[PDB]
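Asker: only geometry, no sequence info:
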């Protein structure tokens, strides 16, 4: 290229050093100690006893060669509360007579159609621990008498069985392990203000005995502790269970996993962020605390919190730190979690219904924010070091402006420009023979550096010509040789890319598999057994 | 019929001790609790406490924890109330009442005594 | 203790007038139990379980109420019904009787 001479037409300087901000090397975090609470989805489970008399009434046609069961009528009948506390508890015996009401009439059944007697409750043969039963007879009385007549006999079997009882929210009923549903709150009482609970029976059905000592029917050992014993007579049994107040045995919030080294991130303005590196989750709550007077039955979320915040306060941080407030901070987190947080200061320093989903959103929020905060810190340092490197390099670009001032214009602009040093500012200006054979060969064209031909001789009279080098020896041309060997001061930075990873669906158990667990399925058993009369009999035919 | 025969009027000097009886007839004595009430002259009824004459459990009032003790013999079918450390504010008619050994809807003082006039004077 | 404040202390009714009396409880109790006492006699059970009448009491006595408000009303008052009437609870320790309503038949 040919270079015209620069004039004083257009001047320009170099850009000076420039300032640039700093990365945020400090966040407003608060180390603490926290426990987490979820929705209680588990029912209220308690122990109970059932007392009934199993009455079967069998009728037999007695033939000459055989006997045939005509009727077999089984009814279960309640044992009165006076007989629970005066013969079963005192003596371990039960009368062989059942008096009960049925079709609004007082009716009576006698065992073996005989006079009543007290019979000892013996244990069942199949009695295992937790599923213990007691019964008076092992026989079912049947009268098989003379030929040609019907004969009816009556068995009365007094059964005492230890059952488990379950109650689900709002605790207006409970169900026994026999399958029986009791339409009454298990927290009902006629005393100490427990009468506002739901009773679905007559007042004569219910009865409560204060200062009761349970007597075990195998060991005949009265218990050391007393209890208030509720009694309820049903048309089919009497259930007996221990009374406890509702607010002491039931919460709507259940304890989930604890967090030893919880950090309360307040870097994002307007919200809190509870990060546990041991759980692997970050929970985002608001600033205002939860009012635990608004949640129904949420009263153990603060006494079980402080009993376990303090229980590991005396295990990890006692010599190095102290708590603050003596009442933990209770927050409603995103997704339905209750974060009972307690700060940890240094030694040198209309009800609400809470429904809890899954915690998969908090694992992603932990994983994203921990990889966000590192790549913003890392790339805020390479930005701060690139800004500083270009400032100290500007001293080197100014020193090659006093000597060879035309190289700094070619590098800064891009086109092969020519600059002259006009004091402290630069002015920019934007038939080929081989050579004359007789320092630099700048004589005539038909020759400085970087293929720039001068319009004069300026030397004392290799050289690079185009894409070649012309060799001279004692000021005489030889050949246009090439050089393959090249030195390079360029540092290399080979940065690859993240390859794409596809995430196919992957579940350990599917929905059909997780519902096919259990011996019996009630919807499949019923849609086979209610087809029984249509499958093995003829309903649509009518005799005449 | 159910009858709760109770003791007689007793003039007793201050600082002494009085045992007041209540004899039952007409029911099985050992499966009903026996309660005691107090009625000063011209005023209302105050509950002392009870005794269960099968488990010998006594539950009493906190105003009468140091002024009354309750005992029952199983033979003579009687209940007793021992009033001690007497004051002139302990002059009343003291009744004896029958109550069930459970708490149902029909648990009430179904049969009463006839009263013992107690007088603390000189 | 549960205070059982009986509003009409003395009540003067005329034989034939429907007269009510109310017992006000401090906290909520399960049931209320009414007792009648005359001068120089033991108390007598009169209404149990807030609405059930005892043995040998005329049907003109009827009681109603729930929670902290209870009431005893007489349909047609007679001269044999002049006595004092006590409401009573056992829902808490100690058992507490009310104040008393002296009914005076204004003849």
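Answerer: Sure thing, it's come through. Residues are numbered from 1 along each chain as shown, chains lettered A, B, ... in the order given.

Asker: Tell me which residues touch residue C:79, please.
Answerer: Residues in contact with residue C:79 (Cβ atoms under 8 Å, 6 or more residues apart in numbering or on different chains) are C:15, C:105, C:107. No exception for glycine: its C-beta is placed from N, CA and C like everyone else's.

Asker: hmm, who's touching stretch A:417-424?
Answerer: By Cβ under 8 Å, 6+ apart, the surrounding residues in contact with stretch A:417-424 are A:3-6, A:8, A:11, A:13, A:401-402, A:405-406, A:408-410, A:426-430.

Asker: Name the residues of that stretch that are buried.
Answerer: Neighbour-count burial for stretch A:417-424 flags A:417, A:418, A:419, A:420 (criterion: 16 or more other Cβ atoms under 10 Å in any protein chain shown).

Asker: Out of the residues you listed, the closest to chain C would be?
Answerer: Of all those, residue A:417 has the smallest distance to chain C: 98.9 Å, by Cβ to the nearest Cβ.

Asker: ok, for that closest one, nearest residue in space, not its chain neighbours?
Answerer: Take residue A:417 and drop its neighbours on the chain: the residue closest to it by Cβ to Cβ, 6 or more residues apart in numbering or on different chains is residue A:409, 4.2 Å away.

Asker: tell me the SS of that neighbour?
Answerer: What DSSP: H, G, I helix; E, B strand; the rest coil gives for residue A:409 is helix.

Asker: and residue 76, how many neighbours?
Answerer: Using chain A. 20 (other Cβ atoms under 10 Å in any protein chain shown).

Asker: sorry, should have said chain C
Answerer: Look at residue C:76: counted by other Cβ under 10 Å, it has 12 neighbours.

Asker: right, and it touches residue C:14 too?
Answerer: No - Residue C:76 is beyond contact range of residue C:14, at 10.8 Å (criterion: Cβ atoms under 8 Å).

Asker: still on that earlier bit, could you rank the contacts of residue C:79 by neighbour count and give me the top one?
Answerer: Neighbour counts for the contacts of residue C:79, by other Cβ under 10 Å, peak at residue C:105, which reaches 18 neighbours.

Asker: Just the closest of the contacts of residue C:79 to residue C:9, please.
Answerer: Using Cβ to Cβ, residue C:105 comes nearest to residue C:9 of these, at 16.1 Å.

Asker: who's in contact with the closest one?
Answerer: Counted by Cβ under 8 Å, 6+ apart, residue C:105 has contacts C:12, C:13, C:14, C:15, C:77, C:78, C:79, C:81, C:82.

Asker: what bridges to the first one?
Answerer: Going back to what we said before, that points to residue C:12. According to DSSP bridges, the residues that bridge with residue C:12 are residue C:104.

Asker: Looks like it contacts residue C:106 (just checking).
Answerer: Yes - with contact defined as Cβ under 8 Å, residue C:12 counts as touching residue C:106 (4.6 Å).

Asker: Which of the helices or strands spans the closest residue to residue A:449 other than its chain neighbours?
Answerer: Closest residue to residue A:449 apart from its sequence neighbours, by Cβ to Cβ, 6+ apart: residue A:464 at 7.3 Å. Element membership of residue A:464 [criterion: DSSP states H and E] is strand A:463-465.

Asker: Packing partners of the helix or strand that that strand is followed by?
Answerer: Using DSSP H and E, the helix or strand that directly follows strand A:463-465 along the chain is strand A:468-472. The helices and strands touching strand A:468-472, judged by 3 or more Cβ pairs under 8 Å, 6 or more residues apart in numbering or on different chains; DSSP states H and E, are strand A:463-465, strand A:477-481.

Asker: Note down every partner strand of the longest one and its orientation.
Answerer: Think strand A:477-481. Strand A:477-481 pairs in its sheet with strand A:468-472 (antiparallel), by DSSP bridges.

Asker: The shortest one now?
Answerer: Using DSSP bridges, the strands paired with strand A:463-465 are strand A:468-472 (antiparallel).

Asker: can you count the residues close to the residue in chain C positioned nearest to chain A?
Answerer: When scored by Cβ to the nearest Cβ, chain C has residue C:30 as its residue closest to chain A, at 4.2 Å. Residue C:30: 24 surrounding residues under other Cβ under 10 Å.

Asker: what sits against it?
Answerer: A:190, A:191, A:195, C:89, C:91.

Asker: And residue A:329, by the same measure?
Answerer: So residue A:329 contacts A:289, A:340, A:341, A:342, A:343 (Cβ under 8 Å, 6+ apart).

Asker: And residue A:209, by the same measure?
Answerer: Neighbouring residues of residue A:209 by Cβ under 8 Å, 6+ apart: A:85, A:228, A:229, A:231, B:101, B:102, B:103.

Asker: Spit out the contact partners of the closest residue in space to the third one that isn't next to it in sequence.
Answerer: Spelled out, it's residue A:229. Excluding the flanking residues, the one nearest residue A:229 by Cβ to Cβ, 6+ apart is residue A:212, at 4.1 Å. Contacts for residue A:212 (Cβ under 8 Å, 6+ apart) come out as A:226, A:227, A:228, A:229.

Asker: from the residues you listed, which ones fall inside strands?
Answerer: Residues of the contacts of residue A:212 located in strands (DSSP state E): A:227, A:228, A:229.

Asker: Quickly list what the last one is bridged to.
Answerer: In this structure, residue A:229 has beta-bridge partners residue A:209, residue A:242, where bridges are defined by DSSP bridges.

Asker: which residues touch it?
Answerer: Residue A:229 touches A:208, A:209, A:212, A:214, A:240, A:241, A:242, A:243, counting by Cβ under 8 Å, 6+ apart.

Asker: Is it correct that the first one is in contact with residue A:228?
Answerer: Going back to what we said before, that points to residue A:208. Yes - look at residue A:208 against residue A:228 with Cβ under 8 Å: they come within range, at 6.3 Å.

Asker: of the two, who's got more company?
Answerer: residue A:208 (22 against 17).

Asker: Spell out the secondary structure type for residue A:387.
Answerer: Applying three-state DSSP: residue A:387 is helix.

Asker: try residue A:332
Answerer: Assignment for residue A:332 (three-state DSSP): strand.

Asker: list the contacts for the spatially closest residue to it that is not a sequence neighbour?
Answerer: Nearest non-adjacent residue to residue A:332, counting by Cβ to Cβ, 6+ apart: residue A:290, 4.4 Å away. Listed by Cβ under 8 Å, 6+ apart, the contact set of residue A:290 reads A:330, A:331, A:332, A:338.

Asker: hmm, back to that, and the residue nearest to residue A:449, how far from residue B:69?
Answerer: Using Cβ to Cβ, to the nearest Å, residue A:464 is found at 127 Å from residue B:69.
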